[PDB]
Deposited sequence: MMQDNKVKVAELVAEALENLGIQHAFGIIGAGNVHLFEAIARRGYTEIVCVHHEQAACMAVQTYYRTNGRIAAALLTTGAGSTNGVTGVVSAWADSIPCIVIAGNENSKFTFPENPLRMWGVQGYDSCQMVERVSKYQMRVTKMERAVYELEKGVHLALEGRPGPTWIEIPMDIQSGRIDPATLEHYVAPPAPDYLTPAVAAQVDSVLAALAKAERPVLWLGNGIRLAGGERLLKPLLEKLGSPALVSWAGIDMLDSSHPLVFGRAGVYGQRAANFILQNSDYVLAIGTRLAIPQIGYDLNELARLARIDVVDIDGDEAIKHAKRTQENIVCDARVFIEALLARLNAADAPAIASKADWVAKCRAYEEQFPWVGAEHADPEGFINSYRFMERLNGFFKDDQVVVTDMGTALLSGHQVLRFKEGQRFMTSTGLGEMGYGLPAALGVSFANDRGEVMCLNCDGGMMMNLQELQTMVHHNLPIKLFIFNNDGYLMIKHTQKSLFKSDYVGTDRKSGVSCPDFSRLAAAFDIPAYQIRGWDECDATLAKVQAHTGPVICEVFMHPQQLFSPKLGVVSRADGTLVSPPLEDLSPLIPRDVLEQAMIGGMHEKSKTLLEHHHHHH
């Protein structure tokens, strides 16, 4: 008998695909796959306590060293519990593969008239049909490996994202002759550099050469394309300033002479003035999302031509009313072509941007990222200043992941990163409870390495249960929890709208959180507190020195403002242009800051 169990061929296929880690929860629907994978000993199965955490962990796992991980979900609630993680990978263009079990294949077909399949199954492929790149239900044993190979390829192809492969129970346990396995062969990669795309590169170079105040907007699509190592030669060979999106912060040293921060709705004052006063904007590998460009294209860089580079055609033209050259090309290939034309013997002459570069620096001097607006309040540490202090304790290869809330905003508006350091979170979907699972994925991607997790009192609750996963594997995760009596981010929203008592956002309005230090002791986790500046530096040094997991509660003002921020101002109400962040600077100052004078909307504020 030359037949082999399908589950064992699946485990073999995982090793040949380089998948060394799998996150998930066991159940009757995937018990065969757990056994075959565990007995083969190549892929380590990380058991979590909510499938949601499994489909989030696989994202930051890949982002760390570029190796895809698998989420291993069982029938029914095992598959539904993973859907949030699938969407956040879909929204952030992060490749991963879900392997979901299900009832016996005799029940699994859409035409089944009953509400549910078999005992507790459903059509998991239909549920993620609009939030994944590919879904398939293996119905023939001989195709199980075919679909896993295809599932992985489509996840990494083009615009990356999650794929969903469902293998019914009886397909896992069947037996076939290994020579009857079908294998998927990937088609040749597309050659983006066509004559058309070449003429677009030539147009960009022309504009770059002539532009007096250029600004490059660089995004995580460059890293997904594997070209972030070309950014230093490119910036210095152009001499042009550069902004980085929140997702692409770690692609360049925040202290590089030509990198001037991050702009947007929660941008940095210095970075917004840089973008809004430019005469040419080249977006590479950045989605130009609403939090990046505001709420009106006619107010975005009103003196500048805007070109875009993006591997997704639909994302590349979504601003075609405002943009000029919409380049559908891989970010790396595009940067190589642009460098190839800069290094050519017949390269055009690049006019000097020295005055512009000098004006950008002046912007950063007039508007420091942590400024007078961030003063401490009434017996509390200002979360922005704490981030500046905490920044001084990063290790040379530090990795930081954040949840939403204070950690997300204070983090991305302040923290600086060097080469070798990483910054990760989920911004496409922006879901609470992404922090802890994000740390798991990084830690396992670096052989149970260290990860700093900037979290919040609210977001900690969504996936609280993953503290047990953390202690179980003794993961060196340094977990900072910003306590502020509930949903501080929503507090500011409902106050701006209604200017009345809080509703469902603090302890008095129905939302409370536990004492996370008492909780840490229950999990055998060493806990600390930071309430003032006296014990700060000594506390930070001890947290960073621990070998295992640590919790460190950071208490802030229950109503601290998030600023700078592009908010609505009451003149009637007005939505100011991108440059006029709140709290509002004096008009005469803004007038001098704007090359062509302030926007009509600002004059009356």
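Unmodelled regions of the deposited sequence, numbered from residue 1: 1-3, 575-577, 612-619.
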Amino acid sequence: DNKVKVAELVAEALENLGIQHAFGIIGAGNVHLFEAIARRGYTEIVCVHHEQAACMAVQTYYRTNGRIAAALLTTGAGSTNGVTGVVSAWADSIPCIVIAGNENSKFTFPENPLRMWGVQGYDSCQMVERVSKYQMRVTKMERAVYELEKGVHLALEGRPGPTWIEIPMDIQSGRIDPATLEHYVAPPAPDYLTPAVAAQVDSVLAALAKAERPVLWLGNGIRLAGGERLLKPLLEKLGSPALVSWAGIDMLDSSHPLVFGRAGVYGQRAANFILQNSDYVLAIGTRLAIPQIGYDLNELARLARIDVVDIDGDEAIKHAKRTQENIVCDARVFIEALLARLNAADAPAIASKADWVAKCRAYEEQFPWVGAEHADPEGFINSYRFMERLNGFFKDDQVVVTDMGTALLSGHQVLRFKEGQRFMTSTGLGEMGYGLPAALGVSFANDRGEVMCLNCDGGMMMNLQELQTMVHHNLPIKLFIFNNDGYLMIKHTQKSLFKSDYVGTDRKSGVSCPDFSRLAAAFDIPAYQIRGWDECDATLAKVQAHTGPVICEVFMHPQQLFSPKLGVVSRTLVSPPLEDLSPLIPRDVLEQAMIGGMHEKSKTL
From here on, numbers count along this sequence of modelled residues.
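373-381 and 450-458 differ in mean CA B-factor, and the higher of the two is recorded for 373-381.
Looking at mean Cα B-factors across 576-584 and 59-67, the upper value is held by 576-584.
When the C-alpha B factors of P113, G161, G532, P291 are read from the deposited coordinates, the top value falls at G532. The entry lists C-alpha B-factors for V87, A196, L73, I94, and the highest of these is at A196. Among the modelled residues of its chain, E44 has a C-alpha B-factor that falls in the lowest third, as given in the PDB entry.
Among all modelled residues in its chain, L409 ranks in the middle third by Cα B-factor. Sorting the modelled residues of the chain by their CA temperature factor places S240 in the highest third. In the deposited entry, the Cα temperature factor of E166 places it in the lowest third of its chain's modelled residues.
Annotation for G567: C-alpha temperature factor in the highest third relative to the rest of the modelled chain, per the entry.
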